[PDB]
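Below is one structure; the comments refer to it alone.
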Amino acid sequence: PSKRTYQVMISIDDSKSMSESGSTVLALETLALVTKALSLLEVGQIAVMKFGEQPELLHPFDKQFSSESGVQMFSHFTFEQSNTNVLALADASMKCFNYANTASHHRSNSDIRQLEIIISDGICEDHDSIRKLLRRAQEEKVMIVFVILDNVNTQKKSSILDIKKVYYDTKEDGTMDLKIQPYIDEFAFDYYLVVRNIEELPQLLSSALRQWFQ
């Protein structure tokens with residue numbers, strides 16, 4: 001291995017689609033599985049935010065310093081058990097955008113890449129907001145990762161159609177452009193991927209590793 005100084009914020013969806021237990025459990029437990037199994041070394045730490053209709057910081061980078069804090073605090077931070085929210089993308093984005101990056105920037109006084117991991121199931125109700133959110137991230141040199149839930153909490157046939165329908169509509173109505181949602185992810189480096197479950201994480205980590213590298 002070799003030097004890779006950076007810090008990471010992980011933002012986990014707390015909207016209505018997370019109301020199915022499969023979505024919340026796998027997303028939060030996996031973050032916890034990773035964190036617990038992870039040599040969360042000096043190279044970079046993890047800050048975690050929850051977000052629905054509004055973002056909530058669950059904890060700062062160095063707050064749940066001990067994995068034990070995570071062992072108990074995942075319950076402390078239980079996501080809505082029966083979720084009825086929407087994703088206020090613009091706010092969730094600006095909250096972690098400003099917080100994680102500013103905190104990292106000041107906190108460590110060093111050569112740290114700013115990475116944000118986005119865990120959600122797809123297109124947001126206000127995805128149009130991306131044109132500015134993207135703009136801001138670009139200007140500020142902020143790196144992101146987008147993990148797309150298969151439109152969880154909707155019939156599997158609908159997980160597909162809900163997102164493809166936006167595309168289908170995009171094709172006819174010249175007003176519309178699905179691209180704005182995928183757009184936020186500059187996939188040349190800031191790759192995004194639709195997944196079924198937590199076992200696609202090794203792909204992410206590995207792809208991300210090369211981006212962690214350089």
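Each chain in the structure tokens gets a letter, A, B and so on, in the order shown; residues start at 1 in every chain, and ligands are counted from 1 in the order they appear.
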
Please return, as a PyMOL selection string, all residues of segment 40-76 of chain A that DSSP assigns to strand (DSSP E) on the basis of the backbone. chain A and resi 46-51+55-59

For residue 46 of chain A, list every protein, DNA or RNA residue within 7 Å, evaluated using only C-alpha atoms, and leave out those in the same chain fewer than 5 positions away; present the list as a list in words. residues 7, 8, 9, 10 and 61 of chain A

Please produce a file of those selected residues containing N, CA, C and O atoms, as an mmCIF file, in the first residue's frame.
```cif
data_model
loop_
_atom_site.group_PDB
_atom_site.id
_atom_site.type_symbol
_atom_site.label_atom_id
_atom_site.label_comp_id
_atom_site.auth_asym_id
_atom_site.auth_seq_id
_atom_site.Cartn_x
_atom_site.Cartn_y
_atom_site.Cartn_z
ATOM 1 N N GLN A 7 -10.561 12.384 3.881
ATOM 2 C CA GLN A 7 -11.593 12.103 4.898
ATOM 3 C C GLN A 7 -12.955 11.884 4.250
ATOM 4 O O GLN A 7 -13.246 12.447 3.186
ATOM 5 N N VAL A 8 -13.793 11.050 4.892
ATOM 6 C CA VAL A 8 -15.078 10.702 4.308
ATOM 7 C C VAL A 8 -16.330 10.942 5.126
ATOM 8 O O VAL A 8 -16.419 10.587 6.295
ATOM 9 N N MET A 9 -17.301 11.543 4.485
ATOM 10 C CA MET A 9 -18.618 11.673 5.079
ATOM 11 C C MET A 9 -19.543 10.680 4.431
ATOM 12 O O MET A 9 -19.588 10.607 3.207
ATOM 13 N N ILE A 10 -20.294 9.932 5.220
ATOM 14 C CA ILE A 10 -21.267 9.022 4.647
ATOM 15 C C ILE A 10 -22.664 9.478 5.009
ATOM 16 O O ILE A 10 -23.024 9.559 6.185
ATOM 17 N N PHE A 61 -16.595 13.124 12.367
ATOM 18 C CA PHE A 61 -15.522 12.207 11.998
ATOM 19 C C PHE A 61 -14.918 11.437 13.168
ATOM 20 O O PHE A 61 -14.750 10.219 13.117
#
```

Pick out the closest residue to residue 36 of chain A from this set: A:138, A:108, A:69, A:175. Count only C-alpha atoms. A:69

Secondary structure check, alpha helix (DSSP H) residues of segment 41-91 of chain A, as a ChimeraX atom specification: /A:67-76,89-91

What is the distance, in Å and to one decimal place, between atom CA of residue 169 of chain A and atom CA of residue 149 of chain A?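 The value is 20.9 Å.
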
Shortest interatomic distance to residue 141 of chain A - which of A:190, A:42, A:13, A:62, counting only C-alpha atoms: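 Ranked by minimum distance to residue 141 of chain A, first place goes to A:190.
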
Considering only C-alpha atoms, return as JSON, numbers by chain whatever protein or nucleic-acid residues lie within 12 Å of residue 209 of chain A, sequence-local ones (same chain, fewer than 2 positions apart) excluded. {"A": [1, 2, 3, 4, 6, 145, 189, 190, 191, 201, 202, 203, 204, 205, 206, 207, 211, 212, 213, 214]}

Prev. selection, C-alpha atoms, output as a compact mmCIF listing (two decimals), in the first residue's frame:
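Writing done, so here's out_20.txt:
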```txt
# COMPACT_ATOMS: atom_id res chain seq x y z
CA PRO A 1 0.00 0.00 0.00
CA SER A 2 0.94 3.68 0.00
CA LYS A 3 -0.08 7.11 1.43
CA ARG A 4 -3.71 8.15 0.70
CA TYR A 6 -8.40 11.93 2.81
CA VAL A 145 -19.77 8.68 -4.58
CA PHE A 189 -13.93 9.65 -11.42
CA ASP A 190 -17.03 10.05 -9.24
CA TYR A 191 -18.68 6.85 -10.31
CA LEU A 201 -19.77 -3.07 -1.70
CA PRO A 202 -16.40 -4.76 -2.52
CA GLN A 203 -16.79 -3.38 -6.04
CA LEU A 204 -17.35 0.04 -4.71
CA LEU A 205 -14.49 -0.14 -2.32
CA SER A 206 -12.12 -1.41 -4.92
CA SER A 207 -13.11 1.12 -7.57
CA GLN A 211 -9.72 6.83 -6.75
CA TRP A 212 -8.46 6.92 -3.14
CA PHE A 213 -5.08 6.18 -4.68
CA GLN A 214 -5.05 8.92 -7.25
```

Please identify all polymer residues within 9 Å of residue 154 of chain A, counting only C-alpha atoms, omitting same-chain residues fewer than 5 positions from it, and present them as a compact mmCIF listing (two decimals) with N, CA, C and O atoms, in the first residue's frame.
```txt
# COMPACT_ATOMS: atom_id res chain seq x y z
N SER A 17 -38.70 5.70 1.33
CA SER A 17 -38.39 4.44 0.68
C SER A 17 -37.60 3.55 1.62
O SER A 17 -37.51 2.33 1.49
N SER A 159 -39.28 -0.65 -9.12
CA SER A 159 -38.01 -0.02 -8.78
C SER A 159 -37.38 0.43 -10.08
O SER A 159 -36.95 1.59 -10.24
N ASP A 162 -39.89 3.12 -11.92
CA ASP A 162 -39.94 4.45 -11.35
C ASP A 162 -38.79 5.30 -11.93
O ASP A 162 -39.02 6.43 -12.40
```

Closest of A:127, A:105, A:156, A:113 to residue 92 of chain A - atom-to-atom distances counting only C-alpha atoms: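 Nearest to residue 92 of chain A: A:127.
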
List the spatial neighbours of segment 132-134 of chain A as a list in words - criterion: any atom at most 9 Å away, only C-alpha atoms, same-chain residues fewer than 2 positions off excluded. residues 90, 93, 94, 128, 129, 130, 136, 137, 138, 139, 183, 184 and 185 of chain A

Resulting file, chosen residues, N, CA, C and O atoms, as a PDB file, in the first residue's frame:
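Listed below is the output, again.pdb:
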```
ATOM      1  N   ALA A  90     -31.487  19.211  -1.804  1.00  0.00           N
ATOM      2  CA  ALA A  90     -30.704  20.416  -1.714  1.00  0.00           C
ATOM      3  C   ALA A  90     -30.193  20.676  -0.312  1.00  0.00           C
ATOM      4  O   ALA A  90     -29.077  21.166  -0.161  1.00  0.00           O
ATOM      5  N   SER A  93     -27.676  17.877   0.870  1.00  0.00           N
ATOM      6  CA  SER A  93     -26.463  18.113   0.180  1.00  0.00           C
ATOM      7  C   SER A  93     -25.795  19.284   0.806  1.00  0.00           C
ATOM      8  O   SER A  93     -24.701  19.155   1.329  1.00  0.00           O
ATOM      9  N   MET A  94     -26.459  20.420   0.917  1.00  0.00           N
ATOM     10  CA  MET A  94     -25.714  21.527   1.458  1.00  0.00           C
ATOM     11  C   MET A  94     -25.268  21.322   2.898  1.00  0.00           C
ATOM     12  O   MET A  94     -24.207  21.809   3.286  1.00  0.00           O
ATOM     13  N   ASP A 128     -33.687  18.467  -9.601  1.00  0.00           N
ATOM     14  CA  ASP A 128     -33.384  19.612 -10.434  1.00  0.00           C
ATOM     15  C   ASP A 128     -32.334  20.517  -9.779  1.00  0.00           C
ATOM     16  O   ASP A 128     -31.573  21.207 -10.477  1.00  0.00           O
ATOM     17  N   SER A 129     -32.285  20.487  -8.433  1.00  0.00           N
ATOM     18  CA  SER A 129     -31.421  21.265  -7.545  1.00  0.00           C
ATOM     19  C   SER A 129     -29.958  21.009  -7.813  1.00  0.00           C
ATOM     20  O   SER A 129     -29.096  21.853  -7.528  1.00  0.00           O
ATOM     21  N   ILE A 130     -29.690  19.865  -8.406  1.00  0.00           N
ATOM     22  CA  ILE A 130     -28.380  19.395  -8.738  1.00  0.00           C
ATOM     23  C   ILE A 130     -27.648  20.358  -9.593  1.00  0.00           C
ATOM     24  O   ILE A 130     -26.436  20.489  -9.505  1.00  0.00           O
ATOM     25  N   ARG A 136     -21.638  23.851  -7.192  1.00  0.00           N
ATOM     26  CA  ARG A 136     -20.898  24.128  -5.993  1.00  0.00           C
ATOM     27  C   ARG A 136     -19.819  23.094  -5.728  1.00  0.00           C
ATOM     28  O   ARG A 136     -18.691  23.460  -5.408  1.00  0.00           O
ATOM     29  N   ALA A 137     -20.143  21.803  -5.853  1.00  0.00           N
ATOM     30  CA  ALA A 137     -19.139  20.779  -5.599  1.00  0.00           C
ATOM     31  C   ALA A 137     -17.973  20.899  -6.547  1.00  0.00           C
ATOM     32  O   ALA A 137     -16.814  20.693  -6.166  1.00  0.00           O
ATOM     33  N   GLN A 138     -18.263  21.234  -7.795  1.00  0.00           N
ATOM     34  CA  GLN A 138     -17.213  21.369  -8.770  1.00  0.00           C
ATOM     35  C   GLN A 138     -16.273  22.492  -8.377  1.00  0.00           C
ATOM     36  O   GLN A 138     -15.055  22.310  -8.323  1.00  0.00           O
ATOM     37  N   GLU A 139     -16.841  23.638  -8.026  1.00  0.00           N
ATOM     38  CA  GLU A 139     -16.065  24.812  -7.662  1.00  0.00           C
ATOM     39  C   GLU A 139     -15.189  24.566  -6.454  1.00  0.00           C
ATOM     40  O   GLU A 139     -14.039  25.006  -6.400  1.00  0.00           O
ATOM     41  N   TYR A 183     -26.090  13.331 -13.558  1.00  0.00           N
ATOM     42  CA  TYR A 183     -25.200  14.479 -13.715  1.00  0.00           C
ATOM     43  C   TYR A 183     -24.405  14.843 -12.500  1.00  0.00           C
ATOM     44  O   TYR A 183     -23.252  15.257 -12.625  1.00  0.00           O
ATOM     45  N   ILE A 184     -25.010  14.776 -11.312  1.00  0.00           N
ATOM     46  CA  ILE A 184     -24.258  15.221 -10.154  1.00  0.00           C
ATOM     47  C   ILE A 184     -22.960  14.418  -9.993  1.00  0.00           C
ATOM     48  O   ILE A 184     -21.990  14.912  -9.415  1.00  0.00           O
ATOM     49  N   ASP A 185     -22.951  13.175 -10.475  1.00  0.00           N
ATOM     50  CA  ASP A 185     -21.824  12.295 -10.361  1.00  0.00           C
ATOM     51  C   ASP A 185     -20.935  12.355 -11.583  1.00  0.00           C
ATOM     52  O   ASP A 185     -21.232  11.763 -12.630  1.00  0.00           O
TER      53      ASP A 185
END
```

Interatomic distance between atom CA of residue 63 of chain A and atom CA of residue 91 of chain A? 22.6 Å

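Here atom CA of residue 82 of chain A stands at a distance of 4.7 Å from atom CA of residue 19 of chain A.
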
Closest to residue 71 of chain A among A:210, A:88, A:35, A:101, using only C-alpha atoms? A:35

Exercise: residue 67 of chain A partners within 10 Å, only C-alpha atoms, chain neighbours under 3 positions left out, as a VMD selection string: chain A and resid 32 to 33 35 to 38 40 64 70 to 73

Export N, CA and C atoms of the chosen residues as a tab-separated table (two decimals), in the first residue's frame?
```tsv
chain	number	residue	atom	x	y	z
A	32	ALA	N	-22.29	0.27	9.65
A	32	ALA	CA	-21.74	-0.23	10.88
A	32	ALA	C	-20.82	-1.44	10.65
A	33	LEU	N	-21.13	-2.33	9.70
A	33	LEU	CA	-20.30	-3.51	9.48
A	33	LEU	C	-18.97	-3.09	9.01
A	35	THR	N	-17.63	-0.03	9.38
A	35	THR	CA	-16.95	0.70	10.39
A	35	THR	C	-16.35	-0.24	11.43
A	36	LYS	N	-17.12	-1.23	11.88
A	36	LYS	CA	-16.66	-2.21	12.85
A	36	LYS	C	-15.51	-3.07	12.32
A	37	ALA	N	-15.63	-3.55	11.09
A	37	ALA	CA	-14.61	-4.40	10.49
A	37	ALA	C	-13.44	-3.61	9.92
A	38	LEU	N	-13.62	-2.31	9.77
A	38	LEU	CA	-12.64	-1.44	9.17
A	38	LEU	C	-11.54	-0.94	10.05
A	40	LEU	N	-10.18	1.70	10.60
A	40	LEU	CA	-10.48	3.08	10.36
A	40	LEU	C	-9.34	3.90	10.93
A	64	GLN	N	-17.52	9.10	17.01
A	64	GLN	CA	-17.67	7.71	17.35
A	64	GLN	C	-16.39	7.06	16.99
A	70	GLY	N	-20.30	3.11	18.07
A	70	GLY	CA	-21.14	2.68	16.95
A	70	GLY	C	-22.05	1.49	17.29
A	71	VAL	N	-21.52	0.54	18.07
A	71	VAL	CA	-22.27	-0.65	18.47
A	71	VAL	C	-23.53	-0.25	19.20
A	72	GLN	N	-23.46	0.77	20.03
A	72	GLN	CA	-24.67	1.18	20.71
A	72	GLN	C	-25.42	2.30	19.97
A	73	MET	N	-24.67	3.18	19.32
A	73	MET	CA	-25.27	4.35	18.76
A	73	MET	C	-26.02	4.12	17.49
```

For residue 21 of chain A, list every protein, DNA or RNA residue within 12 Å, evaluated using only C-alpha atoms, and leave out those in the same chain fewer than 6 positions away; present the list as number ranges by chain. A: 14, 27-29, 78-83, 152-153

Selection to disk with N, CA, C and O atoms, as a compact mmCIF listing (two decimals), in the first residue's frame:
```
# COMPACT_ATOMS: atom_id res chain seq x y z
N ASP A 14 -32.94 8.72 4.76
CA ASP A 14 -33.95 8.57 5.79
C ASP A 14 -35.29 9.06 5.24
O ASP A 14 -36.05 9.71 5.96
N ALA A 27 -28.62 -0.70 4.89
CA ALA A 27 -27.83 0.51 4.74
C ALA A 27 -27.11 0.92 6.01
O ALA A 27 -25.91 1.25 5.98
N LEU A 28 -27.80 0.87 7.15
CA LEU A 28 -27.17 1.32 8.37
C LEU A 28 -26.30 0.24 8.93
O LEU A 28 -25.20 0.53 9.42
N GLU A 29 -26.76 -1.01 8.89
CA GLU A 29 -25.94 -2.04 9.45
C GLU A 29 -24.71 -2.16 8.63
O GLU A 29 -23.65 -2.31 9.20
N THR A 78 -31.44 5.42 15.45
CA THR A 78 -32.38 4.66 14.65
C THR A 78 -33.08 5.58 13.65
O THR A 78 -33.57 6.66 14.00
N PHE A 79 -33.11 5.15 12.39
CA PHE A 79 -33.73 5.85 11.27
C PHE A 79 -35.21 5.66 11.39
O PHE A 79 -35.64 4.77 12.11
N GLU A 80 -36.04 6.49 10.77
CA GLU A 80 -37.45 6.26 11.03
C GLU A 80 -37.78 4.81 10.71
O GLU A 80 -37.42 4.29 9.65
N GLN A 81 -38.45 4.16 11.67
CA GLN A 81 -38.82 2.76 11.60
C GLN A 81 -39.86 2.53 10.52
O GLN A 81 -39.88 1.50 9.85
N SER A 82 -40.72 3.52 10.37
CA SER A 82 -41.73 3.56 9.34
C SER A 82 -41.58 4.97 8.87
O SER A 82 -42.01 5.91 9.53
N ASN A 83 -40.86 5.10 7.78
CA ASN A 83 -40.45 6.38 7.28
C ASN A 83 -41.48 7.02 6.38
O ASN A 83 -42.05 6.35 5.51
N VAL A 152 -35.72 1.21 -3.69
CA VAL A 152 -36.30 0.33 -2.63
C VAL A 152 -37.69 0.81 -2.18
O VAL A 152 -38.02 1.99 -2.41
N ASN A 153 -38.44 -0.09 -1.53
CA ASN A 153 -39.82 0.14 -1.00
C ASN A 153 -40.82 0.43 -2.13
O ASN A 153 -41.69 1.30 -1.94
```
